[PDB]
Amino acid sequence: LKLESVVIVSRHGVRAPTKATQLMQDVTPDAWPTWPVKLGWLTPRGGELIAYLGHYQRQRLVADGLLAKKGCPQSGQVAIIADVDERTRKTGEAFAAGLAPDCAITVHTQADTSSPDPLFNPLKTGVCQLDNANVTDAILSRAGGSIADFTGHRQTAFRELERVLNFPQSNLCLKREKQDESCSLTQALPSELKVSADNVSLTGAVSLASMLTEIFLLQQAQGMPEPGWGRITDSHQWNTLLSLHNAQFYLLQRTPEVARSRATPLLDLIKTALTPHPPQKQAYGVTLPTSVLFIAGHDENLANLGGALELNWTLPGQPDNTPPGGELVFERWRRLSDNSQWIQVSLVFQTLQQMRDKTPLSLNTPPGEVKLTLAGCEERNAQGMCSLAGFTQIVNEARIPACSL
Ligand code: NI
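Numbering (PDB author numbering), first residue to last: 6 to 410.
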């Protein structure tokens with residue numbers, strides 16, 4: 006096999022929390038550690054972890070014969086697209102700095118950076134709408150029939166989060182006691198599914214827990230001295246904590262009734278980058294197809310793509326299934342025996358310890374990687390890849406044309 010093309014859909018790197026709410030204060034007697042950047046911004050350490058991934062990808066793509074060992078990629082051989090958020094733009098630059106240092110590869114965004122880019126979520130600008138009833142029933146079914154069923158099967162992990170928070174000594178709990186009580190997160194903050202034409206979310210403990218366990222993970226990856234006030238001490242605890250974050254993404258972002266719509270512009274972009282065709286300037290002034298395309302997005306995007314293309318995974322050593330800097334990697338491979346075209350999909354990521362130790366990455370110290378398979382592919386090769394035609398058929402089935410740009 007010979008590597009012809011690669012599209013990397015990446016989550017942004019380590020960032021500060023996006024919000025600092027009263028409820029976050031009320032559920033723990035302890036003080037949340039402060040962060041060195043504004044809310045939701047990439048930290049400098051976050052960018053350094055992304056550059057490690059970019060350096061590794063250069064070494065890997067050189068070894069695969071797609072990029073030259075020395076010099077800068079010439080004229081669009083590498084292209085970078087990023088969401089308008091600071092954290093995604095800065096992730097773009099960090100990846101370029103690791104992959105091709107001092108080559109000044111442009112980080113393209115949409116023209117207006119003060120407005121949402123529908124590429125990373127067409128619901129957000131009203132390009133299309135979700136089907137309310139179908140989404141409600143689909144999500145509730147994946148939760149086990151109800152959100153009460155969902156949280157009941159997860160009390161062990163909610164109890165883990167309460168211990169790390171010292172929830173019993175929190176303001177919320179102390180009040181509950183003066184008031185007949187139930188000092189449990191799930192019952193103090195009942196969770197409801199809210200489905201609108203442009204969004205779905207959970208209220209209450211489910212969404213609070215998804216956010217708090219992710220913050221814990223970000224503290225660890227940021228190198229903070231004692232994440233979770235020092236109360237997270239082994240990998241079992243880390244996995245149990247982030248299972249609440251992963252479960253919320255399983256419901257809200259992997260569900261096909263949400264994922265297929267939300268992922269349609271990215272699906273179109275991916276297919277455009279991977280399909281052989283006379284090179285032509287398309288979205289963002291980027292010429293496609295080309296050799297490497299890096300797209301700096303969000304964890305909803307990785308989850309959306311996973312849900313739409315029936316790609317299932319868990320990340321060994323990385324409690325967050327859609328971690329900072331995690332990469333959904335699409336590759337087009339040409340089989341020399343008959344010159345047929347094949348698509349390979351992988352999830353490339355830093356383990357939590359590689360982020361904790363700021364481990365420089367290389368061929369001899371690679372990031373983790375999980376081989377994926379498109380569950381619906383009818384034509385696979387011995388190595389698990391889907392034929393170009395099979396992948397194209399799968400994409401055309403999964404995408405929602407009303408959600409296209
Ligand atoms: Ni995630």
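Positions of the beta carbon are idealized from the N, C-alpha and C atoms, including for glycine.
Original post:
Are residue 227 and residue 50 touching if we call contact CB-CB under 8 Å?
Top reply: In the sequence shown, counting from the first residue as 1, residue 227 sits at position 222. In the sequence shown, counting from the first residue as 1, residue 50 sits at position 45. In contact: residue 227 and residue 50 (Cβ atoms closer than 8 Å).
Original post:
What are the start and end residues of each continuous beta strand (DSSP E) run of 3 or more residues lying completely inside the segment 49 to 96, in chain order?
Top reply: 83 to 87
Original post:
Excluding the five sequence neighbours on either side, which residues of its own chain have a C-beta within less than 6 Å of the C-beta of residue 293, listed in chain order?
Top reply: Locating residue 293 in the sequence shown gives position 288, where the first residue counts as 1. Closer than 6 Å at the Cβ level, and outside the excluded window around residue 293, lie 277, 278 and 287.
Subject >> Residues bridged to residue 300 (per DSSP) >> reply: The sequence position of residue 300 within the sequence shown is 295, counting from 1. Bridge partners of residue 300: 14 and 86.
**OP:** Report the partner residues of residue 348 according to the DSSP bridge assignment.
**Re:** In the sequence shown, residue 348 corresponds to position 343, counting from 1. Its beta-bridge partners are 337 and 391.
Subject >> Cβ neighbour criterion (16 or more within 10 Å) applied to residue 402 >> reply: Locating residue 402 in the sequence shown gives position 397, counting from the first residue. With fewer than 16 other Cβ atoms within 10 Å, it is exposed.
Original post:
Hey, which residues come within less than 5 Å of ligand 1, measuring from Cβ to any heavy atom, in chain order?
Top reply: 304, 325 and 327
Original post:
Considering only C-alpha positions, which residue in the set 340, 275 and 339 is nearest to residue 314?
Top reply: Along the sequence shown, one-based indexing puts residue 314 at 309. Of the candidates 340, 275 and 339, the one whose C-alpha sits nearest the C-alpha of residue 314 is 275.
Subject >> Range of the contiguous alpha helix (DSSP H) that encloses residue 209 >> reply: On the sequence shown, position 204 is the one that residue 209 refers to. Where residue 209 is concerned, the enclosing alpha helix (DSSP H) stretches over 209 to 226.
Original post:
Touch check for the segment 165 to 184 and the segment 19 to 34: three-plus C-beta pairs under 8 Å?
Top reply: yes
**OP:** Identify, in the order they occur along the chain, each residue of the same chain with its Cβ nearer than 6 Å to the Cβ of residue 361, setting aside the five sequence neighbours on each side.
**Re:** As a working note, residue 361 is residue 356 in the sequence shown. If we look at residue 361 and ignore the five residues flanking it on each side, its Cβ neighbours are 225.
**OP:** Give the single residue among 58, 90, 87 and 105 whose Cα lies nearest to the Cα of residue 78.
**Re:** Residue 78 sits at position 73 when you count from the first residue of the sequence shown. With distances taken between Cα atoms, residue 78 lies closest to 105.
Original post:
CB-CB under 7 Å to residue 248, same chain, minus the five flanking residues each way: which ones, in chain order?
Top reply: Walking along the sequence shown from the start, residue 248 turns up at place 243. Cβ within range, chain order: 162.
Subject >> Buried/exposed call for residue 215, threshold 16 Cβ in 10 Å >> reply: Within the sequence shown, residue 215 is the residue found at index 210, counting from 1. Buried, by the Cβ-count rule.
Original post:
With 16 other CB atoms within 10 Å as the buried threshold, where does residue 95 fall?
Top reply: In the sequence shown, residue 95 corresponds to position 90, counting from 1. Buried is the call here.
Subject >> DSSP-derived helix/strand/coil call for residue 373 >> reply: Stepping through the sequence shown from its first residue, residue 373 is reached at position 368. It is a strand residue.
Original post:
What is the DSSP secondary structure of residue 158, reduced to helix, strand or coil?
Top reply: Along the sequence shown, read from residue 1 onward, the residue named residue 158 stands at position 153. Coil.
Original post:
What do you get for residue 193, buried or exposed, if any count of 16 or more other CB atoms within 10 angstroms of its CB means buried?
Top reply: Looking up residue 193 in the sequence shown gives position 188. By the neighbour-count rule (16 or more Cβ atoms within 10 Å), residue 193 is buried.
**OP:** In the DSSP assignment, find the unbroken beta strand (DSSP E) run with residue 198 in it and report its ends.
**Re:** Mapped onto the sequence shown, residue 198 falls at position 193. From DSSP, the beta strand (DSSP E) with residue 198 extends over 198 to 200.
Subject >> Unbroken stretches of the beta strand (DSSP E), 3 residues or longer, contained in the segment 124 to 203 >> reply: 198 to 200
Subject >> Start-to-end residues for the alpha helix (DSSP H) that takes in residue 258 >> reply: As a first step, residue 258 must be located in the sequence shown, where it is residue number 253. Segment: none, residue 258 is in no alpha helix (DSSP H) and carries neither H nor E.
Original post:
Excluding the five sequence neighbours on either side, which residues of its own chain have a C-beta within less than 6 Å of the C-beta of residue 378, listed in chain order?
Top reply: Position 373 of the sequence shown, counted from the first residue, corresponds to residue 378. Cβ within range, chain order: 389.
Original post:
Can the beta-carbon of residue 141 be found closer than 8 Å to that of residue 200?
Top reply: Against the sequence shown, residue 141 aligns to sequence position 136. Against the sequence shown, residue 200 aligns to sequence position 195. In contact: residue 141 and residue 200 (Cβ atoms closer than 8 Å).
Original post:
Looking at the structure shown, is residue 7 part of a helix, part of a strand, or coil, going by DSSP?
Top reply: Translated into the one-based positions of the sequence shown, residue 7 becomes position 2. Residue 7: strand per DSSP, three-state reduction.
Original post:
Assuming residue 65 contacts residue 333 under a Cβ cut-off of 8 Å, what Cβ separation, rounded to an integer in Å, is found between them?
Top reply: In the sequence shown, residue 65 corresponds to position 60, counting from 1. In the sequence shown, residue 333 corresponds to position 328, counting from 1. Between residue 333 and residue 65 the Cβ distance is about 16 Å, and since that is not below 8 Å, they are no contact.
Original post:
Assuming residue 100 contacts residue 58 under a Cβ cut-off of 8 Å, what Cβ separation, rounded to an integer in Å, is found between them?
Top reply: Here the question's residue 100 lines up with position 95 in the sequence shown. Here the question's residue 58 lines up with position 53 in the sequence shown. Contact flag correct, Cβ pair sits at about 7 Å.
Original post:
Hey, would you say residue 166 sits closer than 8 Å to residue 111, going by beta carbons?
Top reply: Here residue 166 refers to the residue found at position 161 of the sequence shown. Here residue 111 refers to the residue found at position 106 of the sequence shown. Against a cut-off of 8 Å, the Cβ pair of residue 111 and residue 166 comes out as no contact.
**OP:** Name the residue from 17, 41 and 7 whose alpha carbon lies nearest to the alpha carbon of residue 67.
**Re:** Counting from 1 along the sequence shown, the entry for residue 67 is found at position 62. Considering only alpha carbons, the answer is 7.
**OP:** Could you pull the start and end residues of the alpha helix (DSSP H) that residue 275 belongs to?
**Re:** On the sequence shown, position 270 is the one that residue 275 refers to. Looking at the DSSP string, the run of the alpha helix (DSSP H) that includes residue 275 is 269 to 279.
Subject >> Boundaries of the alpha helix (DSSP H) in which residue 28 is found, first to last residue >> reply: Numbered from its first residue, the sequence shown carries residue 28 at position 23. 27 to 31 is the span of the alpha helix (DSSP H), which, as asked, contains residue 28.
**OP:** Check whether the Cβ atoms of residue 144 and residue 213 lie closer than 8 Å to each other.
**Re:** Translated into positions along the sequence shown, residue 144 becomes position 139. Translated into positions along the sequence shown, residue 213 becomes position 208. No, the pair does not count as a contact, with Cβ atoms beyond the cut-off.
Original post:
Based on the DSSP secondary-structure assignment, which residues constitute the bridge partners of residue 293?
Top reply: Taking the sequence shown and counting its residues from 1, the one referred to as residue 293 is at position 288. Beta-bridge pairing links residue 293 to 285.
Original post:
Under three-state DSSP, which class holds residue 342?
Top reply: Position 337 of the sequence shown, counting from 1, holds the residue named residue 342. In this structure, residue 342 counts as coil in the three-state DSSP scheme.
**OP:** Give the DSSP bridge partners of residue 353, in chain order.
**Re:** Here residue 353 is taken as the residue at index 348 of the sequence shown, counted from 1. Partner(s): 332 and 374.
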